[PDB]
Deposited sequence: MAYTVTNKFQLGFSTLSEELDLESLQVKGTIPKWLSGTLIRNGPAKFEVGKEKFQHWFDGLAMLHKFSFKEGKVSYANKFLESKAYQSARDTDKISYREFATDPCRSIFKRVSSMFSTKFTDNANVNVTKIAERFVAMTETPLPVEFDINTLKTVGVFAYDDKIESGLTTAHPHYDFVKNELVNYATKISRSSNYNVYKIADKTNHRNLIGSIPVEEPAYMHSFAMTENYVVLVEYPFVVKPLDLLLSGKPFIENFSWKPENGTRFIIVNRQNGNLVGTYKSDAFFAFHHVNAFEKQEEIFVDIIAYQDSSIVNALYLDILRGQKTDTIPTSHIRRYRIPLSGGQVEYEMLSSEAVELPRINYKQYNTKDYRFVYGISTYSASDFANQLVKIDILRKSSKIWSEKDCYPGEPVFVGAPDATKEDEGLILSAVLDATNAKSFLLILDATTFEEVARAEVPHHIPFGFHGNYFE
């Protein structure tokens, strides 16, 4: 297992004004890339069981006139602080329990009320200073919306300047609570509540011009099992394919229920994009046949000699006829893909042509390719390098760009032979390297990051 290092702890935290750059970083890149992910997979003798359990570490790539600065710090969550100060796992994670939700916000980062927050799937984000990467603390919402489970995949409406997300109240009468947050406030407005007997694990959701679409995979929990069983969070979820998948369509301006539609069972972590066209909604999803991927992302499998056991996902375009009818899909590409990203700022909620992601096709290795899928031409461009494992491709559009793929792709890449990571900058159009910046250590395999101007 050459990539074993990507799932090993990084204890080193440093701050460097300049990384060694090769190539040239465009002058117009003047923002900051923040990467989030797990970077500590044990506390004393106690090991975290699952990739999703690792204690959050932020990585900062800040750009000035062709130079790039780097800093990394562990998020000083109560989860981290308690582990550091008692050498005991102290909060319940995705798949590990101690020997009252974790604030181990290891999944994604965004801005709420002009503040930088790290996010996981527990109710409250964790605020951090982008200058220092210091932790300010739990970011409280100012509202009466009940939640136990949420996403670290909020959507953002650039027209209305609203963050959009949902949170599940998990109780004997559970609710999916769809909400929005206006710029310069931490108050969430409830759009709508959908009552549900057995809440589904929905890592992300779709947003169109007029709608939120919750795609309810039949991977579901009995609320009382979560409240009372001895078992870590994710062990309480069951695959029930007889339920099918349910597309719940909510008007995200007035909370009206547009309708519910069923397809055959499938599972997904990541939506790609969705859009309305005539009397139809198209929903592009990185779909697995079932939920078995969840058990494949336990560390003993990820570190083991059986990684061809890890199920592949593919881009499915689901067509919802609002007129009425069963939801059918077609494949947009033959490539196995995860960690999808688009020209979000210009093409989220809109008809589009280009998806960036990591190849999980295993042509030559595990997760060793960046891929750019051309939906129109049904073709792909590939980036790879011997014994290198690239992270999520973050797209940044060029100034006054007239094309969907005019800009840069930023990917944190593990170099296994060098036992250190580099930031790869591709031109999004050619999908060829324009620069890289060396990091003095390995960046463990992370989840999501965002570029802030």
item: In sequence order, the deposited-sequence ranges that have no modelled C-alpha atom; value: 1-6, 106-118
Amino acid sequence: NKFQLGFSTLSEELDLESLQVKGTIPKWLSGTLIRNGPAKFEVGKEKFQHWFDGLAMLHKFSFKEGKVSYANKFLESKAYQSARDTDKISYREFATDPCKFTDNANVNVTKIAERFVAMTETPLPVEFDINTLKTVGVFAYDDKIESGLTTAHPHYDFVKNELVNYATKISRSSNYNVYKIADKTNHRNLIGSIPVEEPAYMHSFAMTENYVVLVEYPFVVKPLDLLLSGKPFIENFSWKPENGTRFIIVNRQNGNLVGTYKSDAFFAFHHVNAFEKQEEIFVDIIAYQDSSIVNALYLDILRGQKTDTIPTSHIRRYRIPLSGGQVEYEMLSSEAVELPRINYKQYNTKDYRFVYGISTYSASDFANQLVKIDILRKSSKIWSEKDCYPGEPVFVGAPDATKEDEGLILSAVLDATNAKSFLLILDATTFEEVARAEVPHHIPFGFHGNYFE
From here on, numbers count along this sequence of modelled residues.
query	finding
Greater mean Cα temperature factor according to the PDB record, 256-264 or 196-204	256-264
Stretch with the higher entry mean CA B-factor, where the candidates are 137-145 and 241-249	137-145
Residue with highest C-alpha B-factor in the PDB entry, from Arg115, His270, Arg303, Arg92	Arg115
Residue with highest C-alpha B-factor in the PDB entry, from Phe52, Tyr389, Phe41, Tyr70	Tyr70
Where the record places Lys372 (Cα B-factor, split into thirds across the chain)	middle
Third of the chain's Cα B-factor distribution that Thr360 belongs to, per the entry	lowest
Cα B factor band for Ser384 (lowest, middle or highest third within the chain)	middle
Position of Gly325 among the chain's modelled residues by C-alpha B-factor, lowest, middle or highest third	highest
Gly37 by Cα B-factor - lowest, middle or highest third of the modelled chain	lowest
